[PDB]
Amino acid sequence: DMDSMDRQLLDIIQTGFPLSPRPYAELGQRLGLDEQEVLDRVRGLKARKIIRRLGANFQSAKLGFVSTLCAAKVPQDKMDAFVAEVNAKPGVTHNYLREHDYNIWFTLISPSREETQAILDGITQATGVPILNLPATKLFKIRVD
């Protein structure tokens, strides 16, 4: 629930918030609005949680980072220890208990394929549980919208 100027503003700032010294003045000139009103409107939409975040979103691969999907057959007696060693890694962003023999599925991001492998080997060493390192070699569909 907002006005057409907020819809036009959000249509611009989603593609690109202006990379200029006075960006709200640049938005004001494009929208036919006073510089301060555009700041007021952005603050309001942020406060109402319509704007989640205003900043940079990176493309991991272009920063020299590699990503993988990891899987393990975790027995009930090793569960709490394994889950804790996995979650203690900052490179792990997603961890899930899944309905299969391979019941622990997690994402691991790091600067290289060698560092990711050393992290996985380090986990196996502490828990006694082997891990499948499954990087993607081909991408057909990706969600960001």
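All residue numbers are counted from 1 along the displayed sequence.
Stretch exceeding the other in mean C-alpha B-factor - 41 to 49, 103 to 111: The deposited B-factors put 41 to 49 ahead on the C-alpha mean.
Test of understanding: from the entry's C-alpha B-factors, which stretch has the higher mean, 91 to 99 or 77 to 85? Higher of the two, by average CA B-factor, is 77 to 85.
Could you place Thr68 in the lowest, middle or highest third of its chain by Cα temperature factor, using the values in the record? Within its chain, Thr68 is a lowest-third residue by C-alpha B-factor, going by the deposited values.
Chain-relative CA temperature factor third for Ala126: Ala126: CA B-factor falls in the highest third of its chain.
Grab the CA temperature factor for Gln117 from the record and place it in the lowest, middle or highest third of its chain. Lowest third, going by the recorded CA B-factors of the chain.
Check where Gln36 lands among this chain's C-alpha B-factors and tell me if it's the lowest, middle or highest third. Middle third, going by the recorded CA B-factors of the chain.
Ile12, C-alpha B-factor rank within chain (lowest, middle or highest third): For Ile12, whose C-alpha B-factor we compare with every modelled residue in the chain, the answer is the highest third.
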